[PDB]
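Any read-out appearing in this document is the output of simple, stated calculations on the displayed coordinates, not a laboratory observation. No Cβ is skipped: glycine too gets one built from the backbone with ideal geometry, and neighbour counts run over all protein chains shown.
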4 protein chains.
Amino acid sequence: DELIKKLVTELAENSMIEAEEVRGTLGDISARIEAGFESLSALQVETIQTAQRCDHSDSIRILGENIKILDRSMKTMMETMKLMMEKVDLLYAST
Amino acid sequence: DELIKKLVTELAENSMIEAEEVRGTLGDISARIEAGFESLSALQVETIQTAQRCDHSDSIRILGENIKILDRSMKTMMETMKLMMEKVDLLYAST
Amino acid sequence: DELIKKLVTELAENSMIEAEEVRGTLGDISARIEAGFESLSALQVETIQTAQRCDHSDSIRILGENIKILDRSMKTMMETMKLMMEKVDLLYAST
Amino acid sequence: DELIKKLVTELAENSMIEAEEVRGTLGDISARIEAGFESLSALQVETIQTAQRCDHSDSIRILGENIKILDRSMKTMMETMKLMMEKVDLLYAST
């Protein structure tokens with residue numbers, strides 16, 4: 001195995017160059033994977049944080065509650081109007 | 001083919017190591033693909049679930065409906081005011 | 001080049017198997033890329049379509065416009081009240 | 001090393017073809033990575049821009065403020081009604 005091992009090395013010497021170029025190419029691809037995923041997920045988090053600003057559950061409830069306060073104040077006023085009119089009716093009949 | 005097959009094995013013995021290292025590298029890349037896609041999609045689902053909380057179609061409709069109830073109560077009161085005034089006008093002329 | 005070409009084939013015969021297994025592995029990776037991107041983008045479109053349901057620009061404007069109608073009706077009523085009172089003042093002084 | 005180098009070239013000649021086909025396949029994969037990431041991120045930006053249209057913080061505040069103006073106008077009217085009634089009471093007792 002004297003001449004055999006000399007040919008084993010001279011063949012590895014030429015393949016090792018093509019193995020290095022594939023390894024670098026694979027690492028270039030791996031770097032583009034971890035860069036796309038790191039970028040999109042940061043943009044994705046920015047989407048969730050933005051969406052949260054549009055949840056107006058409490059704001060709309062407070063508007064709703066204050067419309068019902070006004071409705072109750074309108075009932076209170078309708079009772080005060082009929083009360084005033086029932087005094088006016090008495091004033092007319094007192095002539 | 002006695003010596004031929006001895007050189008075929010001694011060459012496979014040295015290439016098999018470089019094939020294993022490429023296979024492991026490919027599997028490292030494949031694992032990063034299924035990890036990025038599993039993570040981003042989970043973050044993406046969290047975005048849809050968050051966006052749904054901002055659909056206030058029904059809340060805003062109930063506010064709108066109760067503003068129109070108040071508007072109708074305001075028409076009812078305007079008729080009651082003119083009614084009261086038309087009794088006051090009669091009371092003035094009765095002097 | 002008689003014996004040379006016989007060794008060229010017996011070496012290609014053993015490498016061709018390792019080339020096929022890498023080609024299949026590469027295609028397995030390529031298929032996972034086009035599957036993740038096809039899935040996430042479909043989920044992403046579902047996010048945009050969901051977000052559109054939360055744009056209540058017109059609904060909120062119609063609420064705003066009808067609150068200002070009520071405000072104008074309240075001004076109309078305040079003028080009718082002072083009008084009624086200015087008739088009541090005259091009725092008191094007519095005694 | 002006369003015959004040795006002739007076999008080194010005739011072996012590189014057959015491997016160089018399989019190296020080119022792997023290089024093209026790797027580049028086909030790399031192109032699908034930069035295409036998916038470029039597409040999804042453009043769709044992701046469209047999601048953020050859409051979500052911003054649903055932030056009605058200011059619109060809802062102006063509705064809230066104008067409901068409280070109406071509430072204050074309703075208090076002003078309740079004072080004017082009791083004022084009118086306190087003149088009507090005096091008119092009844094003046095008989």
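To the nearest 20 debye, what charge dipole does chain B have about its Cα centre, counting +1 at the Cβ of each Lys and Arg and -1 at the Cβ of each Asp and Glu? It would help to have the intermediate numbers written out before the result.
Values: 11 positive and 18 negative charges, 266 e Å.
Dipole of chain B, to the nearest 20 debye: 1280 debye.
For the rotation carrying A onto D, the chain A residue whose Cβ lies nearest the axis, with the distance in whole Å, reads A:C54, 3.
For a 24 Å ceiling on Cα separation, which of these pairs sit above it: C:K75/D:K87; B:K6/C:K5; A:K6/B:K5; B:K87/D:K68; A:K82/D:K68; B:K68/D:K68? In this structure, B:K87/D:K68; A:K82/D:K68 lie more than 24 Å apart at Cα.
Shortest first, B:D71 label-point distances to identical copies amount to 1.6, 1.6, 2.2 nm, with the label point at 7 Å from Cα along Cα→Cβ.
Each copy carries a label point for A:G27 at 7 Å from Cα along the beta-carbon vector; from one copy to the others these points are 2.1, 2.1, 3.0 nm apart, nearest first. The dipole here belongs to the protein assembly as shown: it is taken about the Cα centre, uses +1 on the Cβ of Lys and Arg and -1 on the Cβ of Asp and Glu, and is about 5040 debye. Output the 0 to 90 degree angle, nearest 10, between the alpha-carbon long axis of helix B:57-93 and the longest principal axis computed from the alpha carbons of chain B. Taking Cα atoms only, the helix is inclined about 10 degrees. Say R0 is 22 Å: what FRET efficiency, to the nearest 0.05, do A:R53 and B:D58 get from their beta-carbon distance? After rounding, the FRET efficiency stands at 0.60.
Within 10 Å of the Cβ of each residue in D:65-78, the mean number of Cβ atoms contributed by other protein chains is 6. Counting from the shortest, the label point at A:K5, 7 Å from Cα toward Cβ, is 2.4, 2.4, 3.5 nm from the same position in each remaining copy. The simple spin-label model puts a point 7 Å past each Cα toward its Cβ; for D:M78 and B:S41 those points are separated by 5.9 nm.
Peptide D:1-7 shows a mean partner chain C-beta count of 3 within 10 Å per residue C-beta. Computed log10 I(q)/I(0) for the stretch A:1-55 at 0.14, 0.19, 0.25, 0.28 Å⁻¹: -0.62, -0.77, -0.91, -0.98, from the Debye equation with unit scatterers placed on every C-alpha and solvent omitted. Just so you know, the Rg over Rh for the protein assembly as shown is 1.48, from Cα atoms, with Rh as the Kirkwood radius. Taking Cβ separations below 4.7 Å as the criterion for a possible disulfide partner, the protein assembly as shown contains no isolated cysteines. Taking 7 Å steps out from each Cα toward its Cβ at C:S30 and B:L3 produces label points 4.3 nm apart. Listed by Cβ neighbour count within 10 Å, with the fewest neighbours leading, C:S57, B:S41 appear as C:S57, B:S41. Dipole of the protein assembly as shown computed with +1 at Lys/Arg Cβ and -1 at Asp/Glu Cβ about the Cα centre; of C:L11, D:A19, C:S73, farthest Cα towards the positive end is C:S73. Between the stretch A:1-73 and the stretch B:1-39, the alpha-carbon centres lie 27 Å apart. Shown for A:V22, B:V45: other C-beta atoms within 10 Å of each C-beta, ranked fewest to most, produce the order B:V45, A:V22. All C-alpha to C-alpha distances of chain C, sorted into 10 Å bins beginning at zero, yield P(r) values of 11, 13, 12, 11, 10, 8, 8, 7, 6, 5, 4, 3, 2, 1, 0 percent in whole numbers.
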